[PDB]
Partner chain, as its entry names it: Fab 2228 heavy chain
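Single chain ahead, written as structure tokens, the form deposited without the partner chain.
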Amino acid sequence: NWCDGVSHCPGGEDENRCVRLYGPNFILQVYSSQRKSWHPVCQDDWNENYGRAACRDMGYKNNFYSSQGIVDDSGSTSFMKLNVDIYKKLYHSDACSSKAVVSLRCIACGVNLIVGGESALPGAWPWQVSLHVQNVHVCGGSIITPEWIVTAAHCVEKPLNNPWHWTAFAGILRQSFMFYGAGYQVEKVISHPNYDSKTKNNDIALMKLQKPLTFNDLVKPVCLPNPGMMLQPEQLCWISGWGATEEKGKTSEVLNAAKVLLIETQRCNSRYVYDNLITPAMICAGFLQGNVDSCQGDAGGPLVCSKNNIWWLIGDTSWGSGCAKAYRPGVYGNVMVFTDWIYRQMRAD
């Protein structure tokens, strides 16, 4: 009674999300109401036309990159075969002739060439966006699709909740070259409906451009995380932005980047770091010794991790205490959690 094709729901929250990609290999899975679980789609009688159908229903509109078959690595026993919405064209089977599982990529992403870091090179972080208000850097963001940018919700609180205040600059490393009209205009700003301004819970927001970005050698998307990333307890990740290079400093002229490690929530919630302040929707990153971390002006900036040769968007700069201080790691929004919300908004457009 989740994806049976029956609307019976005032918001349509269930029907809107029945198709997903799984793990680092973008395995296509569909939710079945009969068994109340996700099952991989097999490649027998599967083609690009079906792949495109699945992308559009996943909020990627008319974007499509590739579709091919892989050997299963999700550890599934039951697979769905192709016989309405794409998820309604599938039925359960024990074993499919092709024995190959559909791997679907709806967009080309995750490919490239702050305190305690160093100046970024051209093409090093193609997804970086500088978000200006009154032609002054306020926050950053990350490119996910040509017209969609991920940022933080605390950045866009009233009266900055009005889209016409914001312009986005991409492909530019230096603030001095972010000229008055060289950026893109934001048409709408959407903040998470359960955002808590006192605890900064669910601190995520999306911005949509009225003029889609043109992707090239310098400007590219970063991949949204799939369910089942299975990252290491101490994953090697990168942060970047135009924030201050020192506590109580001023905005940096050029994009800087630094390498950080992820920190387990179990440790962050201890009394000696952030006594029970870190929710499932939050990720810690940085070092417990300080030295390397984000700072003022990096809000909304991406936290990206490399796995399977792909750069994934794991989090976004949200809050912290001090600036690169001991026992006080930066805290990022957990994008892996908000991924379903993001798809619902990209699709409902």
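Positions refer to the first chain, counted from 1.
In what follows, reference is made to the form solved in complex with the partner chain, a form of this protein that is not presented.
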The unique member of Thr77, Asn194, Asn216, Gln210 whose heavy atoms fall within 4.5 Å of the partner chain in the bound PDB entry: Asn216
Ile172, heavy atom within 4.5 angstroms of the partner chain in the bound PDB entry: yes
In the bound PDB entry, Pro122 touching the partner chain (heavy atom, 4.5 Å): yes
Proximity of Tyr91 to the partner chain in the bound PDB entry, heavy atoms at 4.5 Å: no
Partner proximity in the bound PDB entry: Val254 to the partner chain, non-hydrogen atom cutoff 4.5 Å: yes
